[PDB]
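Here is the structure we will look at, set down as structure tokens.
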Amino acid sequence: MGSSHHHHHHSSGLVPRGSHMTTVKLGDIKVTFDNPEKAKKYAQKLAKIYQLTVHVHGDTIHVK
């Protein structure tokens, strides 16, 4: 066997539907990405680099 049963839990980073650029606020540094998809995928790396964490709240991802 080898099946990871992925299911959505209550309350997540609920991004609004529509083609819109996400404002990823790093420590002072203002980053932006075309899509919330790529935004969170690069922001989790920026969190690991700068030793911070990802706070995804709507169209704003602040790397706390």
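In the structure tokens, each chain is lettered A, B, ... as it comes, each chain's residues begin at 1, and ligands are numbered from 1 in order of appearance.
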
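If you count only C-alpha atoms and ignore residues fewer than 5 places along the chain from residue 24 in chain A, what sits within 9 Å of it is residues 29, 30, 31, 32, 33, 39, 40, 43, 56, 59, 60, 61, 62 and 63 of chain A.
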
ask   = Quick one: residues within 10 Å of residue 12 in chain A, only C-alpha atoms counted, chain neighbours fewer than 3 positions away excluded, as a PyMOL selection string?
value = chain A and resi 8-9+15+56-58

Output file for the residues above (C-alpha atoms, as a compact mmCIF listing (two decimals), in the first residue's frame):
# COMPACT_ATOMS: atom_id res chain seq x y z
CA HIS A 8 -9.57 19.52 3.49
CA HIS A 9 -9.82 20.49 7.21
CA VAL A 15 -7.91 33.18 -1.00
CA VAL A 56 -1.53 33.55 4.48
CA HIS A 57 -4.63 35.76 5.09
CA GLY A 58 -6.63 36.46 1.89

ask   = Which of these residues is nearest to residue 46 in chain A, using only C-alpha atoms: A:14, A:34, A:22, A:64?
value =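 Closest to residue 46 in chain A of all the choices is A:64.
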
query = Separation of CA of residue 26 in chain A and CA of residue 11 in chain A, in Å?
reply = 23.4 Å

inquiry  = Based on the backbone DSSP call, show me all residues of chain A assigned strand (DSSP E or B), as a VMD selection string.
reply    = chain A and resid 22 to 25 30 to 33 54 to 57 60 to 63

Enumerate, as a PDB file with N, CA, C and O atoms, in the first residue's frame, the complete set of residues in chain A that a backbone-based DSSP assignment places in helix (DSSP H, G or I).
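Dumped to result03.pdb:
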ATOM      1  N   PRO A  36      -1.791  33.480  -6.123  1.00  0.00           N
ATOM      2  CA  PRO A  36      -1.675  32.939  -4.746  1.00  0.00           C
ATOM      3  C   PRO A  36      -1.084  31.502  -4.701  1.00  0.00           C
ATOM      4  O   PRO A  36      -0.523  31.109  -3.671  1.00  0.00           O
ATOM      5  N   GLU A  37      -1.203  30.743  -5.823  1.00  0.00           N
ATOM      6  CA  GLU A  37      -0.633  29.378  -5.951  1.00  0.00           C
ATOM      7  C   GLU A  37       0.903  29.408  -5.786  1.00  0.00           C
ATOM      8  O   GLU A  37       1.468  28.750  -4.904  1.00  0.00           O
ATOM      9  N   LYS A  38       1.561  30.200  -6.657  1.00  0.00           N
ATOM     10  CA  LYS A  38       3.031  30.355  -6.662  1.00  0.00           C
ATOM     11  C   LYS A  38       3.496  31.151  -5.428  1.00  0.00           C
ATOM     12  O   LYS A  38       4.580  30.902  -4.904  1.00  0.00           O
ATOM     13  N   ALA A  39       2.630  32.068  -4.956  1.00  0.00           N
ATOM     14  CA  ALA A  39       2.926  32.964  -3.828  1.00  0.00           C
ATOM     15  C   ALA A  39       3.267  32.187  -2.553  1.00  0.00           C
ATOM     16  O   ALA A  39       4.307  32.421  -1.951  1.00  0.00           O
ATOM     17  N   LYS A  40       2.387  31.244  -2.185  1.00  0.00           N
ATOM     18  CA  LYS A  40       2.554  30.410  -0.973  1.00  0.00           C
ATOM     19  C   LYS A  40       3.718  29.399  -1.134  1.00  0.00           C
ATOM     20  O   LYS A  40       4.387  29.060  -0.153  1.00  0.00           O
ATOM     21  N   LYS A  41       3.967  28.962  -2.388  1.00  0.00           N
ATOM     22  CA  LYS A  41       4.993  27.937  -2.705  1.00  0.00           C
ATOM     23  C   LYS A  41       6.416  28.518  -2.582  1.00  0.00           C
ATOM     24  O   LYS A  41       7.359  27.811  -2.200  1.00  0.00           O
ATOM     25  N   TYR A  42       6.557  29.811  -2.910  1.00  0.00           N
ATOM     26  CA  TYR A  42       7.830  30.539  -2.756  1.00  0.00           C
ATOM     27  C   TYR A  42       7.955  31.141  -1.343  1.00  0.00           C
ATOM     28  O   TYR A  42       9.061  31.240  -0.820  1.00  0.00           O
ATOM     29  N   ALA A  43       6.812  31.504  -0.722  1.00  0.00           N
ATOM     30  CA  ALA A  43       6.785  32.147   0.615  1.00  0.00           C
ATOM     31  C   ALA A  43       7.217  31.175   1.726  1.00  0.00           C
ATOM     32  O   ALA A  43       7.783  31.604   2.735  1.00  0.00           O
ATOM     33  N   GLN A  44       6.927  29.867   1.541  1.00  0.00           N
ATOM     34  CA  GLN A  44       7.336  28.810   2.496  1.00  0.00           C
ATOM     35  C   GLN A  44       8.854  28.581   2.443  1.00  0.00           C
ATOM     36  O   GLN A  44       9.468  28.181   3.443  1.00  0.00           O
ATOM     37  N   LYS A  45       9.451  28.864   1.275  1.00  0.00           N
ATOM     38  CA  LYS A  45      10.899  28.841   1.097  1.00  0.00           C
ATOM     39  C   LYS A  45      11.521  30.088   1.755  1.00  0.00           C
ATOM     40  O   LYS A  45      12.490  29.970   2.490  1.00  0.00           O
ATOM     41  N   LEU A  46      10.901  31.268   1.527  1.00  0.00           N
ATOM     42  CA  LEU A  46      11.343  32.558   2.123  1.00  0.00           C
ATOM     43  C   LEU A  46      11.256  32.514   3.664  1.00  0.00           C
ATOM     44  O   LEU A  46      12.065  33.128   4.356  1.00  0.00           O
ATOM     45  N   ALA A  47      10.267  31.767   4.170  1.00  0.00           N
ATOM     46  CA  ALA A  47      10.093  31.523   5.607  1.00  0.00           C
ATOM     47  C   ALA A  47      11.271  30.702   6.165  1.00  0.00           C
ATOM     48  O   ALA A  47      11.781  30.993   7.238  1.00  0.00           O
ATOM     49  N   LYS A  48      11.705  29.696   5.392  1.00  0.00           N
ATOM     50  CA  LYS A  48      12.806  28.796   5.786  1.00  0.00           C
ATOM     51  C   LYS A  48      14.179  29.510   5.677  1.00  0.00           C
ATOM     52  O   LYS A  48      15.087  29.259   6.476  1.00  0.00           O
ATOM     53  N   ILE A  49      14.302  30.415   4.682  1.00  0.00           N
ATOM     54  CA  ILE A  49      15.538  31.182   4.427  1.00  0.00           C
ATOM     55  C   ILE A  49      15.768  32.200   5.560  1.00  0.00           C
ATOM     56  O   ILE A  49      16.771  32.128   6.284  1.00  0.00           O
TER      57      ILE A  49
END

query = Do you have the CA of residue 55 in chain A-CA of residue 10 in chain A distance handy?
reply =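 Result for CA of residue 55 in chain A versus CA of residue 10 in chain A: 16.7 Å, one decimal.
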
request  = One decimal, Å: what's the distance from CA of residue 52 in chain A over to CA of residue 27 in chain A, could you say?
outcome  =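 Interatomic distance, CA of residue 52 in chain A to CA of residue 27 in chain A: 8.7 Å.
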